[PDB]
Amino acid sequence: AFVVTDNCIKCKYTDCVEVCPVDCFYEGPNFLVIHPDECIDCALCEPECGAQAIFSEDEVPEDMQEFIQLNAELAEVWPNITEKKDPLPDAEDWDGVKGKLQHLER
């Protein structure tokens, strides 16, 4: 599985969904996750994310490991998203800001 990690939060560009051949992205108010059972590890979404938030599960930084099960948990409860939409307002201001997990909205 690939995993969405902290910098997606409050940015949510959604550039990643357009290349996902299996549509396994799931949508929160201010964050996206990857459903690890449906994801086929094609890696195509990784270079599409301007916030560089997406990692292969085995390359998730040590300080963001919590995001692995968080993706799995929220992918079960959020609605599927298969089409690009406008990034969140002020996404540029939050791109690069650390510890945005504290801002995650369910």
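Start at 1 with the first residue shown and count on from there.
Do the C-alpha atoms of 77-85 or of 48-56 have the higher average B factor in the entry?
Looking at the record's C-alpha B-factors, the answer is 77-85.
CA B-factor placement of residue 28, once the chain's modelled residues are sorted into thirds:
It belongs to the lowest third of the chain when residues are ordered by C-alpha B-factor.
Residue 98 - Cα temperature factor, lowest/middle/highest third of chain:
It falls in the middle third of the chain.
Where does the C-alpha B-factor of residue 63 rank in its chain, lowest, middle or highest third?
For residue 63, whose C-alpha B-factor we compare with every modelled residue in the chain, the answer is the middle third.
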